[PDB]
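Chain letters run A, B, ... following the sequence lines, proteins first and then strands; every chain starts at 1. Counting starts at 1 for both ligands and their atoms, following the listed order.
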Amino acid sequence: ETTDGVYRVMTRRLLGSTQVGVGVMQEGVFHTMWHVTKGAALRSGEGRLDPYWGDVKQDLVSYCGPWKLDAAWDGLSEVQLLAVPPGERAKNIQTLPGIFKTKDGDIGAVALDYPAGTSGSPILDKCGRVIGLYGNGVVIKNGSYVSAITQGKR
Amino acid sequence: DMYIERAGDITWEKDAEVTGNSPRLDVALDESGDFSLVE
Ligand SMILES: O=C1Nc2ccccc2C[C@@]12CCCN2
Ligand SMILES: O=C1Nc2ccccc2C[C@]12CCCN2
């Protein structure tokens, strides 16, 4: 399957079939977070997807081609996390991002908590463009989880 | 062995559930790709 859209990433190496993450198929390239696959090859029916680019520090990886997602959060508007939780239907959650302030600049962040196997779920703007992937973040004072809006470079 | 399964289209949903706060946090990103809170 090469149809554009959001996909679950599954494994049969553990008990039963386990969802280890999520990813985005766009322009013939599969995009996910590095910690989901660890850079391993993936299967799509009879087809094989080989890693093309990856970076542990950005925590991103692309398959079949270079990273294609280049839209960015505008810093003002609400966005939607298209959450694909393990065993559950894809669901859109609208939110106003917070900010991660770092020594190298600011990044948007979403304060939404889902099972770890939801990592790789896309965050979208009002045009339906993917502005980043959910799943690399921190646990704050409250004990709640906050994910960076992680985007690659096209 | 890992495999992918389609889960949906990527579209904005009008009248989606609205939730989550917007915290401003000072953070650090290490060479292993881990974020940590700076205080
Ligand atoms: O601390 C966590 N890490 C995590 C890692 C990737 C994606 C989503 C999450 C949320 C989670 C798992 C369940 C409780 N909070
Ligand atoms: O906040 C959550 N949302 C959620 C959504 C779908 C399935 C399971 C969960 C549990 C929880 C709490 C700790 C792990 N994530």
TODO: Can you sort out which atoms of ligand 1 are near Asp113(A), meaning under 4.0 Å from one of its heavy atoms?
DONE: 10 (C), 11 (C), 14 (C), 15 (N)
- [ ] Take atom 5 (C) of ligand 2 and look for protein heavy atoms under 4.0 Å from it; say yes if you find one, no if not.
- [x] yes
Task: Short N-O contact, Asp26(B) and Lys101(A), less than 4.0 angstrom - done: yes
- [ ] Below 4.0 angstrom from a heavy atom of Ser119(A), which ligand 1 atoms are there? Numbered from 1 as shown, please.
- [x] 6 (C), 7 (C)
TODO: Looking only at protein heavy atoms, identify the closest one to atom 1 (O) of ligand 2 and say how far it is in Å.
DONE: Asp113(A) O, 3.2 Å
TODO: Of the side chain and backbone of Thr118(A), name the one, both, or neither that has a heavy atom under 4.0 Å from an atom of ligand 1.
DONE: neither
Task: Identity and separation of the nearest protein heavy atom to atom 3 (N) of ligand 1 - done: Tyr145(A) CE1, 3.8 Å
Task: Residues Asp1(B), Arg12(A): salt bridge by 4.0 Å N-O rule - done: no
Open item on the list: If the threshold is 4.0 Å, N to carboxylate O, is there a salt bridge linking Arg154(A) and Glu27(A)?
Closed with: yes
Task: Contacting atoms of ligand 2, where contact means under 4.0 angstrom from a heavy atom of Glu88(A) - done: 6 (C), 7 (C)
Open item on the list: Walk me through whether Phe35(B) and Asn136(A) qualify under side chain to side chain contact (heavy atoms under 4.5 Å, CB included).
Closed with: CA-CA 7 Å; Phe35(B) 281 111; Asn136(A) 194 22; 3.6 Å; yes
Task: Protein contact of atom 13 (C) of ligand 1 - nearest heavy atom, named by residue and atom, plus distance - done: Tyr114(A) O, 3.9 Å
Task: atom 9 (C) of ligand 2 [closest protein heavy-atom partner, distance rounded to 0.1 Å] - done: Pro115(A) CD, 3.8 Å
Task: Check: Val130(A) main-chain N/O paired with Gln151(A) side-chain donor or acceptor under 3.5 Å - done: yes
Task: Note: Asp50(A)-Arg48(A) ion pair, threshold 4.0 Å (strictly below) - done: yes
Task: Minimum side-chain heavy-atom gap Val9(A)-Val22(A) below 4.5 Å - done: no
- [ ] Scan the protein's non-hydrogen atoms and note whether one is under 4.0 Å from atom 12 (C) of ligand 2.
- [x] no
